[PDB]
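Student: before the rest arrives, take these chain(s) from the complex:
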Amino acid sequence: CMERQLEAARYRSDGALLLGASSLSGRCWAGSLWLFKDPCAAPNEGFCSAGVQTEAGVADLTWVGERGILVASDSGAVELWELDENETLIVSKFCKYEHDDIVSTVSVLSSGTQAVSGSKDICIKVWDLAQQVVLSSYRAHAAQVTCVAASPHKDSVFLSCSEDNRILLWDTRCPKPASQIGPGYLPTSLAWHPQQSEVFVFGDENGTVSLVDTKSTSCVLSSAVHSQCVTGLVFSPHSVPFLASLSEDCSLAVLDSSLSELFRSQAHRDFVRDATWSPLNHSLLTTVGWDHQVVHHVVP
């Protein structure tokens, strides 16, 4: 079986689909990882390329290259699982318990050899995936870290947002790496702009998505897109990308450069947890939700 609460969906460059799920109810509170080289057949357990069971639930994951999978676990662990060379098995590479609470967010840095993890233990940690050790451990926030997101091009730059209403830009080259980018509502999701290395977007718990230029600490634009917490933001692979927003209001939205809505979907019956764009068809957007649905949308 596959745990009902589908938590993460990520498209690989070659077209395969990675699924991370967790059992948030029932007897066992574990999790699982799955790889479908046929993404239309998901989430059928007999129609997958590979699958493995973790000990605890998967709170977040991300690809690490073409065969690596970095998992933030409920157990307080960060675990790297490497795919098979035949791509038929998912075998654990390391599983280090370094956080004193649930690891809720992970992000691979631009070099692809280091990662950033955030947890409900209020700390953020930098990981060297090769030496399987923690390089640095920062405690800049005052509440649980909701999201971390590595900059796509700068290896020492990443964003964090926590329930202390702080959004922090991090350049680990400075003696004080964190810088506060401003109090309204708590930030929940962070998404760098894929082209402009100094622009990002953040969603808040109130359903608003805002676009921020890091040069000037002021919201260039914002829009109330959802009625509930914005849980994720993913940009499309287009030359001029579209912005996919998922929320706890069970709806998916696709906005443009000026945050104007072009697509709206209510195909999900529970929380929408992750969205990923097809690298083979840029108009295809695959979303997953706690209703165990894997929906493939055709965005105009």
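Tutor: Here it is on my side, so go on. Residues are numbered from 1 along each chain as shown, chains lettered A, B, ... in the order given.
Student: Run the chain-centre distance for stretch A:181-192.
Tutor: 15 Å (CA atoms, centre = their mean, to the nearest Å).
Student: quick one: contacts of it?
Tutor: Residues from elsewhere that reach stretch A:181-192 (CB atoms under 8 Å, 6 or more residues apart in numbering): A:146-152, A:159-163, A:165, A:167-169, A:199-206, A:208, A:212, A:214, A:217, A:229-235, A:243, A:245. To be clear about C-beta, it is placed using only N, CA and C from the backbone, and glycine gets the same treatment.
Student: Between the two ends of it, how far is it?
Tutor: In terms of CA to CA, to the nearest Å, the two terminal residues of stretch A:181-192 are separated by 14 Å.
Student: Out of the contacts of stretch A:181-192, which end up buried?
Tutor: A:146-151, A:159-163, A:165, A:167-169, A:200-205, A:208, A:212, A:214, A:229-235, A:243, A:245 (16 or more other CB atoms under 10 Å).
Student: hang on, the earlier thing: so which of the contacts of stretch A:181-192 sit within strands?
Tutor: Taking DSSP state E, the ones among these that sit in strands are A:146-150, A:159-162, A:167-169, A:199-204, A:208, A:212, A:230-235, A:243, A:245.
Student: Next up, the contacts around residue A:120.
Tutor: Counting by CB under 8 Å, 6+ apart, residue A:120 makes contact with A:99, A:101-102, A:104, A:144-145.
Student: What residues are bridge-paired with residue A:94?
Tutor: Under DSSP bridges, the beta-bridge partners of residue A:94 are residue A:80.
Student: Hmm, I typed the wrong one, I wanted residue A:31.
Tutor: Those that pair with residue A:31 in a beta bridge, by DSSP bridges, are residue A:22, residue A:54.
Student: and chain B, same structure:
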Amino acid sequence: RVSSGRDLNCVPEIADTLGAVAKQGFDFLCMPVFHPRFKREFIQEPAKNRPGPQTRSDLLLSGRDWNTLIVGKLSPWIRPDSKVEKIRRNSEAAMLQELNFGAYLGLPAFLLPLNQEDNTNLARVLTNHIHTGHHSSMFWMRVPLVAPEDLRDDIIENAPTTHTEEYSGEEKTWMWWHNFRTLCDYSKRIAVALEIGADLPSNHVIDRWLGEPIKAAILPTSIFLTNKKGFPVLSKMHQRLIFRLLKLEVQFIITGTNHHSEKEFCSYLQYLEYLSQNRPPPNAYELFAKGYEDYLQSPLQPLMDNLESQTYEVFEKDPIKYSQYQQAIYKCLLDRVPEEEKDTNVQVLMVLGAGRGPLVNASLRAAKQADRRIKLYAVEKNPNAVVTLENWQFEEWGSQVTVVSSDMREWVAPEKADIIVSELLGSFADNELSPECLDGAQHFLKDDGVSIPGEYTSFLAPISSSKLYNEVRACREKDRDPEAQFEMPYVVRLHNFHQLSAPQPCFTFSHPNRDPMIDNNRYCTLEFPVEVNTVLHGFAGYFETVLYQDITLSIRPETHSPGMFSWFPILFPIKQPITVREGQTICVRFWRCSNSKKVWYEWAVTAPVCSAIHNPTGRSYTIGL
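Tutor: One more piece, chain B, placed on the ones above:
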């Protein structure tokens, strides 16, 4: 032994996890009853109608296991004091749901966090849950010594940490607690789970907490140092705090992951047990008093009622008190008659209040010790004890001792005494009417006569204790004033309290009273400098007494007689707690009042704010003459 639990936020299999943590040696497990990441919608569709089950089944454990081994933890996403109305409503519904499920499981305790200043709606929901249904679960408010905002690393360039010191600011967490329990009206089911950080705060912050109802102390694994062999240890100051908590008999909760990954996880608990075994050994007083900690005892009547046989039996076994009395009598006999008179002079001793005759035998031993002659009278108003006295006088004492079944105020003495000896002192010295009795008796003391005790003095000290305030509040009884329990003193081995200022003398009495207008009514004003922020709930009372010259007894803490268990401190509560700031002065006033029939105390606080005059005209507490 240490009652210790393991805190966890990830439980895949409750059977496996409980078995593992029990094999590690823990006594209970703090876990979530719902998956902490499993947020639930209650208002708007479609997430409103998410098919169940909502959590794991109660059948996975037995009723006894649920009742003794599981502590519930409120889900972290539940924020009733959020500023988003949707989140507020969903958190209210989910908090009620999780508390009701904890009550359904019969959980002994449930954990809720205090991690911000405003927890008003959290307190509203918790109070409504407490006043709904019939459940007996404790509620542990998880509150840190230092708030996480004041613990964060100084790594934010454009938002540095204020390196300047704020006295009340570094106390803010206590206020978080104080307001919360104030909104819940001092519910006896709402206790503190104090969480200790890597860096302890200054001493005053830690001083605030030790008068509060702390039921658990939470020790993260990140605060444990590493010794030479690799085992997790604590700093010396952390060890001091752990010792203080062990005196309070709190339960110790180990949270976080295993950071000493060469050793197993039971090493932290092993170090805790090591500290517990190597604690300072208790003295004789702490052994005699074990079991009476913070147990309130209502006022008795030393003259209206008679003491039971077991009471004499237990209070007869105080060797320090009676050895001091024997030394006093011995020194007095030596100073009252020279050696050239040791055979020509017989001294008239009168034990005014002999009981079963411990002071009679003390006088006999003091005479055999000073090699002087004595003539003994043993006066006792309790006839049941007069039976014991007369049987002893027939079997042992003989002609020397004359047993007098009478009140000393009523007894027409056949002759006058050289020495009168008594032990009529209560916890507040004169609260058992020793002045009135000795005044009624001093007319048959020789003009050069000696009274033992020679004098006595009472002492008062303002205290802070939510525990004892709640204990007094719980003494409300039907068919009397709903606030009469606050207008009477209690005898209690004070324990979970905070002494706010040094004890200062209140009332003093001397015997014989060499004044023509003998008046035992008193009015006294005491000013107590307070050098912390605190909440005043009452006044502890002690006493000292001069038996003879340098021979003394004392329950005053600074001069306490070693190993003397006969007297516990007294407690004068106040109806309403009074907030005191740093540097403010607590000004209190005490009256000793009396008429022909009874004696009572009246007391009122006049600074920093006025209280009501407590026990006016003795309407709630009197001592029958």
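Student: ok chain B is loaded, check the contacts of stretch A:181-192 again?
Tutor: The contact list for stretch A:181-192, computed with CB atoms under 8 Å, 6 or more residues apart in numbering or on different chains, reads A:146-152, A:159-163, A:165, A:167-169, A:199-206, A:208, A:212, A:214, A:217, A:229-235, A:243, A:245, B:83-84.
Student: What separation is there between residue B:401 and chain A?
Tutor: Distance of residue B:401 to chain A, computed by CB to the nearest CB, to the nearest Å: 73 Å.
Student: Just give the nearest non-adjacent residue to that residue, would you?
Tutor: Take residue B:401 and drop its neighbours on the chain: the residue closest to it by CB to CB, 6 or more residues apart in numbering or on different chains is residue B:376, 4.4 Å away.
Student: Give the bridge partners for that neighbour, please.
Tutor: Using DSSP bridges, the bridge partners assigned to residue B:376 are residue B:349, residue B:401.
Student: Settle this for me: it is touching residue B:362, isn't it.
Tutor: No. Using CB atoms under 8 Å, residue B:376 makes no contact with residue B:362, being 10.7 Å away.
Student: and the closest residue to residue B:451 other than its chain neighbours, how many neighbours?
Tutor: Distances taken as CB to CB, 6+ apart put residue B:511 closest to residue B:451, at 3.8 Å, once the chain neighbours are dropped. Look at residue B:511: counted by other CB atoms under 10 Å in any protein chain shown, it has 23 neighbours.
Student: do residue B:165 as well
Tutor: 8.
Student: before we move on, what about residue B:300?
Tutor: When neighbours are counted by other CB under 10 Å, residue B:300 comes out with 14.
Student: distance of it from residue A:107?
Tutor: As judged by CB to CB, to the nearest Å, residue B:300 and residue A:107 stand 71 Å apart.
Student: go on, residue B:477?
Tutor: 64 Å.
Student: neighbour count winner among those two?
Tutor: Here residue B:477 and residue A:107 are compared on neighbour count by other CB under 10 Å; more neighbours surround residue A:107, at 22 against 9.
Student: throw chain C on there as well:
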Amino acid sequence: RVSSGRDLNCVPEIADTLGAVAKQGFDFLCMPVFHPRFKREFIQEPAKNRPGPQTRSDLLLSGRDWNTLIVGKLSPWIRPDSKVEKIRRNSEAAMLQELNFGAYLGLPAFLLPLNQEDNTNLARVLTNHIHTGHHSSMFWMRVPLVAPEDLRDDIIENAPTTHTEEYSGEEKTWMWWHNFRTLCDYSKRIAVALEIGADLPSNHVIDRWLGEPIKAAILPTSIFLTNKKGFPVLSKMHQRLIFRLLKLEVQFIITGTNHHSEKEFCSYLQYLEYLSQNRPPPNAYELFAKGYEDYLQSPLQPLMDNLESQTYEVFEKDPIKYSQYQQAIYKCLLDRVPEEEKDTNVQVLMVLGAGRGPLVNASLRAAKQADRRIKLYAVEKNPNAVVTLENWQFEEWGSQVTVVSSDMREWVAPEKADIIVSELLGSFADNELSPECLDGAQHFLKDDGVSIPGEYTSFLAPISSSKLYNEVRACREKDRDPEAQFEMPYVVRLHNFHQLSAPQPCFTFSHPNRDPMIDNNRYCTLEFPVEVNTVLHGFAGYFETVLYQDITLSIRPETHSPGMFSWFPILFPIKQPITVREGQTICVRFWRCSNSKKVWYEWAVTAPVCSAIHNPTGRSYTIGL
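Tutor: Following on from the chains above, chain C is added here:
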């Protein structure tokens, strides 16, 4: 084991005597605290000033020995109700003195005799002693089954014994008790030491006593017969009475001298232990109920509140109840669909109130037993139990069972049911609002549908019990009506009580209610013939229920389901006890009242005297809808 004591009136050496009687095997010793022949003067001289000691010393035993092994006996010369005023005053003083000495010794119980009709001043002195000081000694009133005047030999020529029978006259001793405890206002510290004579009285006299607070049964050695081997034995009727007393767990006191002088004294106690070992073995119900004897339980809310997990856990272990339910469902399935239809016809079953699913599995077993097809709905309003239900439906049941988290009165059913099954019956059948719930649910029952239970009926019976009356009186709480505790029914395993008449049906409900004006309000009048003199304190309540045709459950004593522990009887008390004579009729009236929000009972006694209408408009007890 038997808690047995030795009564003595001659104790030369208390150490020797206690050691001897303990070597004999007794558990306590009833002795005099003063020499029984040592009369004392309190008023006039010179005997007023008799030099002491007045009795033996308390130092002859330890405090624990005094507290656990000694029962005091009032001196026999003390007669507070004498007709000589001097003797009255001296007896008052001496009775106060001896009671105060017993309190001083910490004696667990003190013995006082009731050997005449007028004990008014004795009761005055005892009540004043009870309301003086702080002591916790029990007071055993020694009262015989037959007064000594009615036991005397017929050897007085000019004063023969009346050989004619008097019904109330031979009950006179009970009146001696009843007046006494009435003068003392039913003090919980005043119990009965019933003394058994050689010739037992008629059955009714013995029937009076067994609802009274008997703490001790006194067996003189003169009543013991002699068997073939020479050991002391009892008659068969005495053995029956001893068995009844052993069910009441009284303590047995052996008094008098050793009349079987060939055997030792421990033979009487050996025979008592023999009877105790050879008592009738307890049934399954008496084993399940051991510990709940006369324990009152306040009314719960079946709809306002939710049941805890342990409650489901314990009430799930009743095999008789659920086997009867399974048989009912099985017979109904067989009678609702023939064998030629066993595959073509699926039956819609709805468990209205499923809890953790015992009736769901009962329906599954009944279907597997009748070889018929069923479609199961499990409706439950308690969400905590819905968690259990949904976990079981995912792990075991599957598509067949549909879990419905809703109130049956609120649930919009998708289809209609062939059978609805419920277990909503309280101790008084309808006191847990089964009629209202099933009325709100019967709209989705097929026009030919079946409800299990098919019907139910409540039963009432007047009872006599000073024990339970005192237990209800002790339920007065602050901040409510001082008599509200008398206006609510209690669930209690009745034990120390006397059923005065046969149980008669009170209220009856059927399902489906085939009446257009469905009204669950009721008014009923019950007449109970009483054939003894007694004191009415309340009405016991039971119920019977027809689940299906001949399948029945019952807690009515005459038809009680064997070994069924799920339901204890109910108790409707009355504020004031009502005296009933032989042949009189107890006429009681019961109302079942309701509005849109709540349901409650009202009841009043109208014969032989009127009581106040109890619980009017539900001011003291309601059942939330």
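Student: Once more for the contacts of stretch A:181-192, now including chain C?
Tutor: With CB under 8 Å, 6+ apart as the criterion, stretch A:181-192 contacts A:146-152, A:159-163, A:165, A:167-169, A:199-206, A:208, A:212, A:214, A:217, A:229-235, A:243, A:245, B:83-84.
Student: and the residues you listed near chain C, which?
Tutor: Of the residues in these, proximity to chain C by CB under 8 Å from any CB of the partner chain holds for none.
Student: Please determine how far residue B:454 is located from chain C.
Tutor: 31 Å.
Student: What is the neighbour count of the residue nearest to that residue when sequence neighbours are not counted?
Tutor: Using CB to CB, 6+ apart and skipping the chain neighbours, the partner closest in space to residue B:454 is residue B:546 (4.7 Å). Neighbour count for residue B:546, taken as other CB under 10 Å: 18.
Student: secondary structure element for residue A:85?
Tutor: Per DSSP states H and E: residue A:85 is located in neither a helix nor a strand.
Student: For chain C, what is the nearest residue in the stretch 101-250 of chain B?
Tutor: Closest to chain C within the stretch 101-250 of chain B is residue B:104: 3.8 Å, counting by CB to the nearest CB.
Student: With the stretch 151-300 of chain B instead?
Tutor: For the stretch 151-300 of chain B, CB to the nearest CB, closest residue to chain C: residue B:300, 8.0 Å.
Student: related to what we said a few turns ago, wait, a strand at the residue nearest to residue B:454?
Tutor: Yes. When classified by DSSP: H, G, I helix; E, B strand; the rest coil, residue B:546 is found to be part of a strand.
Student: Run through the bridge partners of it.
Tutor: Going by DSSP bridges, residue B:546 forms beta bridges with residue B:455, residue B:552.
Student: sorry, back to before: how about the residue of the stretch 101-250 of chain B closest to chain C, what does it touch?
Tutor: B:58, C:306, C:308-309, C:384-385.
Student: is it possible to export the residues you listed to a markdown table including neighbour count, distance to chain A and secondary structure?
Tutor: Formatted as a markdown table, the contacts of residue B:104 follow (neighbours: other CB atoms under 10 Å in any protein chain shown; distance: CB to the nearest CB, whole Å; DSSP: H, G, I helix; E, B strand; the rest coil):
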| residue | neighbour count | distance to chain A | secondary structure |
| --- | --- | --- | --- |
| B:58 | 25 | 12 | helix |
| C:306 | 18 | 20 | coil |
| C:308 | 22 | 21 | coil |
| C:309 | 25 | 16 | helix |
| C:384 | 23 | 14 | helix |
| C:385 | 25 | 16 | helix |
